[PDB]
Amino acid sequence: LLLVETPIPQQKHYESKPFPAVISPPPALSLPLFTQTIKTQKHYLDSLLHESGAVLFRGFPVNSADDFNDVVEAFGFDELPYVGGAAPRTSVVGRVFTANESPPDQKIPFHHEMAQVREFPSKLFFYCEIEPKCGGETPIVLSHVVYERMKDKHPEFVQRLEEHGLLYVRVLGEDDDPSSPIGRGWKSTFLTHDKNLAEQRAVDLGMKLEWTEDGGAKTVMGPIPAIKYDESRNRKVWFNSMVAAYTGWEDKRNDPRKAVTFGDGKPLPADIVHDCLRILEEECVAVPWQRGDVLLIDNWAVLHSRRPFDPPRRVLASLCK
Amino acid sequence: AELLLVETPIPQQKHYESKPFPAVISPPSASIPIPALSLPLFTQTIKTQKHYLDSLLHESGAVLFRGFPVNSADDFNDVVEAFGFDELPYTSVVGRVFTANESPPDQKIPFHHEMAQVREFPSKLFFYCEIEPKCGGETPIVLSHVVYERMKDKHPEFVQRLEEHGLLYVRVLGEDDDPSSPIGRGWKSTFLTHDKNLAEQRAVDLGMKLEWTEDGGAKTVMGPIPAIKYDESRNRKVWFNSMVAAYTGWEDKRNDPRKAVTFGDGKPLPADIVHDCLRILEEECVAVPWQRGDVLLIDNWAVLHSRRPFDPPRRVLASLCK
Ligand SMILES: [Fe+2]
Ligand SMILES: [Fe+2]
């Protein structure tokens, strides 16, 4: 079976490279034939992900969570062991899971997966088992592009970011708020109900957990870098949750404006942060999901998000070490 | 190529009026000709032996299928499709098969009929062992009509009062979802809304009375509803209720299991008699150790199930029928 590089309307190109790269089928197709081609074309696929940063596989027989798991298995990347610092996860089969995000009417900001975690995924997979009735795409953007445009537009700001970095403040409830963009409580965050084991697992993850009165918790993280270096592609990337926090960490316990600051406490310039948001939207690519679609994302080069949608919609995921 | 479905004995099974519980079907030891076992051969035999299998489930209440090539969720789904029961209208693994978010492994899940407090509950249930537990983790099952007959015999007055007033179920919900709780789901998620008006309207549709607590949560009161039902297909009364389940298993920071369920008229249940019922369930139950490939078909009108504590790994998928 052949893996054909196919053009789609939404994709962009950077230095002659498509973003995202799109592979489609040209013996009747079957899941085993696909997973077999994946193993056979390992090198080709590694080079494609290396050049593009994300690869969308469209037109293949991935009709269930089990099929998706088999495809993830064919790529052979080591699975990311679950710890904490993420959201209420629900394992479906094997390395595949469903995480409960914010409501369909909301817009999930751009971010790198588990960006504030020490051992974050190098790669992730997204699978559409049930396409959204309307909207619900998973827009993606090249992190190094965002950095380059930011350094070009706001050299001083970028310069200050690499000197002082960023500081993150996030208040947590005891339980999980299904209605919040950042509704995970400290119980689910640290997979514990004991404050001792929590405050410890918290300090380990590199946090300053101070128990709140209403049984919640106020977490503070940083200073930590805002810019990182992709060793495999020799370039710097916008690896931070600045825009995500500044515009999305909003609920009864969190004021977005105070959710993230420069590493030295100094506030961020509202106009520059929103200018960054503008760059993310302009450079992003929002491919409408089709049932069977499997998207492979290199977490070092891409930030993802989610658009509002009308149910039904079901996108499963898988994280790689 | 044909396959024989042989009624086989196992150590754990019991017998009531000459009928095995659960009935156990396995491939034969030495058949002529020797059949090459496969999933497709099994699913074909299931369709071919429809009547025989319906009769078996009818007489026993539950049927364990042991020794067949059910080696994946996909295989299990094919087996569920071969039986042709209508799927119960709604984490989905494949087709009609899913994984149930159960309690932690160290816990003991109480006996219950599936979706017992739901208007349209499943008539039948399928359980499949994809990965056998390292230790324990069986799925004990017991005959509901037997529990009823023993309860009526030991506590006639109590049963008589149950038929008269029935039971009342209480749950104090928080606004958000508590992860560390067997009943931790809040009213926002339970009623899929953050709007109080809509929520209390949806609870009423579900045959529930909702009262908004002062702390931002909610208190629901379901009932009075019957504690005893009638199995039309078998002409007998069954212990179709979550009495023991709620009285001993619905505990968290907001809920006290002793007020979680009461008589339909508010009167508390006698602790002695409830624990006596718990005793009966344990004595009458059958806990068959799970084996990879096992498929258990349960008639939800005649059987209550549970789960023993266990040491991971363990993986049992499920499927519900209209
Ligand atoms: Fe994400
Ligand atoms: Fe159950």
# chains A, B, ... in the order shown; residues from 1 in each chain; ligands from 1
$ interface_residues --of "chain B" --to "chain A" --cutoff "12 Å" --atoms "only C-alpha atoms" --output "ChimeraX atom specification"
/B:72-75,77,91-102,130-131,174-181,184-195,215,315-317
$ residues_near_ligand --ligand "ligand 1" --cutoff "10 Å" --atoms "only C-alpha atoms and all ligand atoms" --output "number ranges by chain"
A: 86-87, 99, 101, 108-115, 124, 126, 138, 303-306, 317
$ closest_atom_pairs --of "chain B" --to "ligand 2" --cutoff "7 Å" --atoms "only C-alpha atoms and all ligand atoms" --output "JSON lines"
{"residue": "B:112", "atom": "CA", "partner": "ligand 2", "partner_atom_place_in_ligand_line": "1 (Fe)", "distance": 6.5}
{"residue": "B:113", "atom": "CA", "partner": "ligand 2", "partner_atom_place_in_ligand_line": "1 (Fe)", "distance": 6.9}
{"residue": "B:114", "atom": "CA", "partner": "ligand 2", "partner_atom_place_in_ligand_line": "1 (Fe)", "distance": 5.0}
{"residue": "B:305", "atom": "CA", "partner": "ligand 2", "partner_atom_place_in_ligand_line": "1 (Fe)", "distance": 6.5}
{"residue": "B:306", "atom": "CA", "partner": "ligand 2", "partner_atom_place_in_ligand_line": "1 (Fe)", "distance": 6.6}
$ select_by_dssp --residues "range 86-210 of chain A" --states "alpha helix (DSSP H)" --output "PyMOL selection string"
chain A and resi 143-153+155-164+186-189+195-204
$ write_last_selection --atoms "C-alpha atoms" --output "JSON list (two decimals), in the first residue's frame"
[["chain", "number", "residue", "atom", "x", "y", "z"],
["A", 143, "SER", "CA", 5.81, 27.18, 17.54],
["A", 144, "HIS", "CA", 9.02, 28.37, 15.91],
["A", 145, "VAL", "CA", 7.07, 30.60, 13.54],
["A", 146, "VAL", "CA", 5.31, 32.29, 16.47],
["A", 147, "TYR", "CA", 8.69, 32.89, 18.09],
["A", 148, "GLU", "CA", 10.20, 34.35, 14.94],
["A", 149, "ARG", "CA", 7.29, 36.73, 14.40],
["A", 150, "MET", "CA", 7.28, 37.73, 18.04],
["A", 151, "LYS", "CA", 11.02, 38.43, 18.06],
["A", 152, "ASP", "CA", 10.58, 40.39, 14.83],
["A", 153, "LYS", "CA", 7.64, 42.50, 16.05],
["A", 155, "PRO", "CA", 12.39, 42.32, 20.10],
["A", 156, "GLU", "CA", 12.58, 44.01, 23.51],
["A", 157, "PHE", "CA", 9.68, 41.97, 24.92],
["A", 158, "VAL", "CA", 11.16, 38.70, 23.68],
["A", 159, "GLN", "CA", 14.55, 39.76, 25.02],
["A", 160, "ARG", "CA", 13.04, 40.36, 28.42],
["A", 161, "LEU", "CA", 11.22, 37.02, 28.31],
["A", 162, "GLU", "CA", 14.43, 35.05, 27.91],
["A", 163, "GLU", "CA", 16.00, 37.02, 30.80],
["A", 164, "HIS", "CA", 13.19, 36.84, 33.37],
["A", 186, "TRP", "CA", -6.18, 19.60, 43.38],
["A", 187, "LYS", "CA", -7.47, 16.09, 44.08],
["A", 188, "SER", "CA", -7.42, 15.08, 40.42],
["A", 189, "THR", "CA", -4.34, 17.17, 39.69],
["A", 195, "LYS", "CA", -2.89, 17.11, 51.57],
["A", 196, "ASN", "CA", 0.51, 15.84, 52.66],
["A", 197, "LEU", "CA", 0.98, 13.55, 49.66],
["A", 198, "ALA", "CA", -0.34, 16.41, 47.57],
["A", 199, "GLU", "CA", 1.81, 19.27, 48.83],
["A", 200, "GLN", "CA", 4.71, 16.89, 48.32],
["A", 201, "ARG", "CA", 3.81, 15.73, 44.80],
["A", 202, "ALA", "CA", 3.30, 19.43, 44.21],
["A", 203, "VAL", "CA", 6.78, 20.48, 45.35],
["A", 204, "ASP", "CA", 8.17, 17.63, 43.26]]
$ select_by_dssp --residues "range 49-124 of chain A" --states "strand (DSSP E or B)" --output "PyMOL selection string"
chain A and resi 54-57+79+89-93+96-99+108-111+123-124
$ write_last_selection --atoms "N, CA, C and O atoms" --output "tab-separated table (two decimals), in the first residue's frame"
chain	number	residue	atom	x	y	z
A	54	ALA	N	3.82	18.11	11.96
A	54	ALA	CA	2.54	17.45	12.21
A	54	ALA	C	2.15	16.72	10.93
A	54	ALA	O	2.41	17.20	9.84
A	55	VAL	N	1.54	15.56	11.08
A	55	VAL	CA	1.12	14.77	9.92
A	55	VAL	C	-0.31	14.27	10.10
A	55	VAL	O	-0.63	13.59	11.07
A	56	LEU	N	-1.17	14.63	9.15
A	56	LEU	CA	-2.56	14.19	9.19
A	56	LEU	C	-2.71	12.97	8.27
A	56	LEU	O	-2.34	13.01	7.10
A	57	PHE	N	-3.25	11.88	8.81
A	57	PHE	CA	-3.48	10.67	8.04
A	57	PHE	C	-4.98	10.60	7.76
A	57	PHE	O	-5.78	10.35	8.66
A	79	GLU	N	5.13	4.94	25.19
A	79	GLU	CA	4.00	5.64	25.80
A	79	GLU	C	4.44	6.53	26.97
A	79	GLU	O	5.37	6.21	27.70
A	89	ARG	N	-8.55	12.29	33.31
A	89	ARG	CA	-8.42	11.39	32.18
A	89	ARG	C	-9.18	10.07	32.29
A	89	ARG	O	-9.31	9.49	33.38
A	90	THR	N	-9.68	9.58	31.16
A	90	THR	CA	-10.41	8.32	31.14
A	90	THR	C	-9.88	7.41	30.03
A	90	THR	O	-10.08	7.66	28.84
A	91	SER	N	-9.19	6.35	30.44
A	91	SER	CA	-8.61	5.39	29.51
A	91	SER	C	-9.71	4.62	28.78
A	91	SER	O	-10.67	4.15	29.39
A	92	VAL	N	-9.57	4.50	27.46
A	92	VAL	CA	-10.56	3.80	26.64
A	92	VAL	C	-10.02	2.39	26.36
A	92	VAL	O	-10.64	1.39	26.73
A	93	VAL	N	-8.87	2.33	25.71
A	93	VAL	CA	-8.22	1.07	25.38
A	93	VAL	C	-6.74	1.33	25.16
A	93	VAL	O	-6.36	2.32	24.53
A	96	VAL	N	-4.88	4.72	24.44
A	96	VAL	CA	-5.87	5.70	24.04
A	96	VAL	C	-6.78	6.14	25.17
A	96	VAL	O	-7.20	5.34	25.99
A	97	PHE	N	-7.08	7.43	25.22
A	97	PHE	CA	-7.94	7.95	26.27
A	97	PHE	C	-8.80	9.13	25.85
A	97	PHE	O	-8.56	9.74	24.80
A	98	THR	N	-9.79	9.42	26.68
A	98	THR	CA	-10.67	10.55	26.48
A	98	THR	C	-10.54	11.44	27.69
A	98	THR	O	-10.66	11.00	28.83
A	99	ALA	N	-10.27	12.71	27.43
A	99	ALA	CA	-10.15	13.67	28.51
A	99	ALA	C	-11.34	14.60	28.35
A	99	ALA	O	-11.77	14.90	27.23
A	108	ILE	N	-10.79	26.66	23.32
A	108	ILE	CA	-9.63	26.25	24.11
A	108	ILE	C	-8.44	26.95	23.49
A	108	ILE	O	-8.19	26.83	22.29
A	109	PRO	N	-7.68	27.70	24.30
A	109	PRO	CA	-6.51	28.43	23.79
A	109	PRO	C	-5.38	27.54	23.27
A	109	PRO	O	-5.34	26.34	23.51
A	110	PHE	N	-4.46	28.17	22.57
A	110	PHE	CA	-3.30	27.49	22.03
A	110	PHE	C	-2.36	27.13	23.16
A	110	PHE	O	-2.20	27.89	24.11
A	111	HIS	N	-1.74	25.97	23.05
A	111	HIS	CA	-0.80	25.51	24.06
A	111	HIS	C	-0.04	24.29	23.58
A	111	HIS	O	-0.44	23.63	22.61
A	123	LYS	N	5.53	13.85	21.61
A	123	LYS	CA	4.55	13.70	20.54
A	123	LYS	C	3.18	13.32	21.09
A	123	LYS	O	3.06	12.80	22.20
A	124	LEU	N	2.15	13.62	20.31
A	124	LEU	CA	0.78	13.26	20.68
A	124	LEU	C	-0.01	12.91	19.43
A	124	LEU	O	0.34	13.30	18.31
$ closest_residue --among "B:125, B:63, B:295, B:3" --to "residue 45 in chain B" --atoms "only C-alpha atoms"
B:3
$ atom_distance --atom1 "CA of residue 131 in chain A" --atom2 "CA of residue 312 in chain A"
7.3 Å
$ residues_around --residues "residue 310 in chain B" --least-positions-apart "6" --cutoff "7 Å" --atoms "only C-alpha atoms" --output "list in words"
residues 105, 106, 133, 135, 136 and 137 of chain B
$ residues_around --residues "residue 128 in chain A" --least-positions-apart "4" --cutoff "6 Å" --atoms "only C-alpha atoms" --output "PyMOL selection string"
chain A and resi 291-293+315
$ write_last_selection --atoms "C-alpha atoms" --output "JSON list (two decimals), in the first residue's frame"
[["chain", "number", "residue", "atom", "x", "y", "z"],
["A", 291, "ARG", "CA", -14.19, 10.36, 10.88],
["A", 292, "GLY", "CA", -11.13, 8.12, 10.74],
["A", 293, "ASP", "CA", -8.66, 11.03, 10.75],
["A", 315, "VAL", "CA", -11.73, 12.98, 19.52]]
$ residues_around --residues "residue 258 in chain A" --least-positions-apart "4" --cutoff "10 Å" --atoms "only C-alpha atoms" --output "list in words"
residues 167, 168, 169, 170, 245, 246, 249, 250, 254, 265, 267 and 268 of chain A
$ write_last_selection --atoms "C-alpha atoms" --output "compact mmCIF listing (two decimals), in the first residue's frame"
# COMPACT_ATOMS: atom_id res chain seq x y z
CA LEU A 167 5.60 33.14 36.41
CA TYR A 168 2.33 31.20 36.68
CA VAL A 169 -0.40 31.47 39.32
CA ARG A 170 -3.39 29.09 39.29
CA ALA A 245 -3.14 31.61 30.79
CA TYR A 246 -3.50 35.34 30.18
CA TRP A 249 -7.34 30.87 33.08
CA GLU A 250 -10.61 32.54 33.95
CA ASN A 254 -8.79 32.94 38.75
CA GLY A 265 6.69 39.54 39.05
CA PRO A 267 3.02 42.33 34.68
CA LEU A 268 2.89 41.61 30.96
$ residues_around --residues "residue 18 in chain A" --least-positions-apart "6" --cutoff "12 Å" --atoms "only C-alpha atoms" --output "VMD selection string"
chain A and resid 5 to 12 48 to 56 142 285
$ write_last_selection --atoms "N, CA, C and O atoms" --output "PDB file, in the first residue's frame"
ATOM      1  N   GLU A   5       1.353  11.738  -0.408  1.00  0.00           N
ATOM      2  CA  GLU A   5       1.314  13.093   0.128  1.00  0.00           C
ATOM      3  C   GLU A   5       0.218  13.820  -0.638  1.00  0.00           C
ATOM      4  O   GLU A   5       0.334  14.068  -1.835  1.00  0.00           O
ATOM      5  N   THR A   6      -0.853  14.153   0.069  1.00  0.00           N
ATOM      6  CA  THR A   6      -2.007  14.799  -0.534  1.00  0.00           C
ATOM      7  C   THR A   6      -2.196  16.244  -0.086  1.00  0.00           C
ATOM      8  O   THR A   6      -1.930  16.588   1.067  1.00  0.00           O
ATOM      9  N   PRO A   7      -2.648  17.113  -1.002  1.00  0.00           N
ATOM     10  CA  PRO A   7      -2.882  18.528  -0.704  1.00  0.00           C
ATOM     11  C   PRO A   7      -4.298  18.746  -0.193  1.00  0.00           C
ATOM     12  O   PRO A   7      -5.237  18.116  -0.667  1.00  0.00           O
ATOM     13  N   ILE A   8      -4.446  19.628   0.784  1.00  0.00           N
ATOM     14  CA  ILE A   8      -5.758  19.959   1.305  1.00  0.00           C
ATOM     15  C   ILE A   8      -5.803  21.479   1.288  1.00  0.00           C
ATOM     16  O   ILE A   8      -4.761  22.131   1.273  1.00  0.00           O
ATOM     17  N   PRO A   9      -7.009  22.062   1.281  1.00  0.00           N
ATOM     18  CA  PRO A   9      -7.219  23.511   1.256  1.00  0.00           C
ATOM     19  C   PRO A   9      -6.567  24.285   2.394  1.00  0.00           C
ATOM     20  O   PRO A   9      -5.903  25.299   2.169  1.00  0.00           O
ATOM     21  N   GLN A  10      -6.760  23.795   3.614  1.00  0.00           N
ATOM     22  CA  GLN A  10      -6.254  24.470   4.796  1.00  0.00           C
ATOM     23  C   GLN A  10      -4.751  24.519   5.035  1.00  0.00           C
ATOM     24  O   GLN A  10      -4.273  25.445   5.686  1.00  0.00           O
ATOM     25  N   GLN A  11      -3.998  23.556   4.515  1.00  0.00           N
ATOM     26  CA  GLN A  11      -2.566  23.546   4.772  1.00  0.00           C
ATOM     27  C   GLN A  11      -1.791  24.753   4.259  1.00  0.00           C
ATOM     28  O   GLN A  11      -2.175  25.397   3.285  1.00  0.00           O
ATOM     29  N   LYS A  12      -0.702  25.064   4.958  1.00  0.00           N
ATOM     30  CA  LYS A  12       0.168  26.169   4.586  1.00  0.00           C
ATOM     31  C   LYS A  12       1.521  25.584   4.207  1.00  0.00           C
ATOM     32  O   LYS A  12       1.728  24.368   4.256  1.00  0.00           O
ATOM     33  N   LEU A  48       9.113  12.933   7.568  1.00  0.00           N
ATOM     34  CA  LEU A  48       7.988  13.800   7.254  1.00  0.00           C
ATOM     35  C   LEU A  48       7.599  14.593   8.501  1.00  0.00           C
ATOM     36  O   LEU A  48       7.393  15.804   8.438  1.00  0.00           O
ATOM     37  N   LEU A  49       7.504  13.905   9.635  1.00  0.00           N
ATOM     38  CA  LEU A  49       7.146  14.566  10.881  1.00  0.00           C
ATOM     39  C   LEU A  49       8.242  15.562  11.256  1.00  0.00           C
ATOM     40  O   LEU A  49       7.971  16.612  11.838  1.00  0.00           O
ATOM     41  N   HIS A  50       9.477  15.225  10.902  1.00  0.00           N
ATOM     42  CA  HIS A  50      10.619  16.074  11.191  1.00  0.00           C
ATOM     43  C   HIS A  50      10.594  17.348  10.363  1.00  0.00           C
ATOM     44  O   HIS A  50      10.941  18.416  10.854  1.00  0.00           O
ATOM     45  N   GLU A  51      10.188  17.230   9.107  1.00  0.00           N
ATOM     46  CA  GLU A  51      10.142  18.378   8.216  1.00  0.00           C
ATOM     47  C   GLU A  51       8.893  19.244   8.391  1.00  0.00           C
ATOM     48  O   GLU A  51       8.977  20.470   8.345  1.00  0.00           O
ATOM     49  N   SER A  52       7.746  18.609   8.613  1.00  0.00           N
ATOM     50  CA  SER A  52       6.478  19.317   8.765  1.00  0.00           C
ATOM     51  C   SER A  52       6.043  19.668  10.183  1.00  0.00           C
ATOM     52  O   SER A  52       5.419  20.709  10.390  1.00  0.00           O
ATOM     53  N   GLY A  53       6.341  18.799  11.152  1.00  0.00           N
ATOM     54  CA  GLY A  53       5.961  19.064  12.532  1.00  0.00           C
ATOM     55  C   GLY A  53       4.661  18.401  12.939  1.00  0.00           C
ATOM     56  O   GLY A  53       4.414  18.163  14.118  1.00  0.00           O
ATOM     57  N   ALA A  54       3.816  18.115  11.958  1.00  0.00           N
ATOM     58  CA  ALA A  54       2.538  17.449  12.206  1.00  0.00           C
ATOM     59  C   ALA A  54       2.150  16.722  10.933  1.00  0.00           C
ATOM     60  O   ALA A  54       2.413  17.202   9.837  1.00  0.00           O
ATOM     61  N   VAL A  55       1.535  15.556  11.080  1.00  0.00           N
ATOM     62  CA  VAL A  55       1.123  14.772   9.921  1.00  0.00           C
ATOM     63  C   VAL A  55      -0.308  14.273  10.096  1.00  0.00           C
ATOM     64  O   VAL A  55      -0.628  13.593  11.069  1.00  0.00           O
ATOM     65  N   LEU A  56      -1.169  14.633   9.153  1.00  0.00           N
ATOM     66  CA  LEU A  56      -2.558  14.190   9.185  1.00  0.00           C
ATOM     67  C   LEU A  56      -2.714  12.969   8.266  1.00  0.00           C
ATOM     68  O   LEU A  56      -2.339  13.014   7.098  1.00  0.00           O
ATOM     69  N   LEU A 142       2.757  26.338  14.080  1.00  0.00           N
ATOM     70  CA  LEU A 142       4.179  26.074  14.273  1.00  0.00           C
ATOM     71  C   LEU A 142       4.778  27.014  15.325  1.00  0.00           C
ATOM     72  O   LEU A 142       4.829  28.231  15.136  1.00  0.00           O
ATOM     73  N   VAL A 285      -3.596  26.550  11.460  1.00  0.00           N
ATOM     74  CA  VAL A 285      -4.248  25.780  10.418  1.00  0.00           C
ATOM     75  C   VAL A 285      -5.330  24.967  11.113  1.00  0.00           C
ATOM     76  O   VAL A 285      -5.041  24.180  12.019  1.00  0.00           O
TER      77      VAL A 285
END
$ closest_residue --among "A:69, A:41, A:318, A:241" --to "residue 261 in chain A" --atoms "only C-alpha atoms"
A:241
$ residues_around --residues "residue 120 in chain B" --least-positions-apart "3" --cutoff "12 Å" --atoms "only C-alpha atoms" --output "list in words"
residues 88, 89, 90, 114, 115, 116, 117, 123, 124, 206, 300, 320, 321 and 322 of chain B
$ atom_distance --atom1 "CA of residue 167 in chain B" --atom2 "CA of residue 307 in chain B"
24.2 Å
$ atom_distance --atom1 "CA of residue 292 in chain B" --atom2 "CA of residue 71 in chain B"
7.5 Å
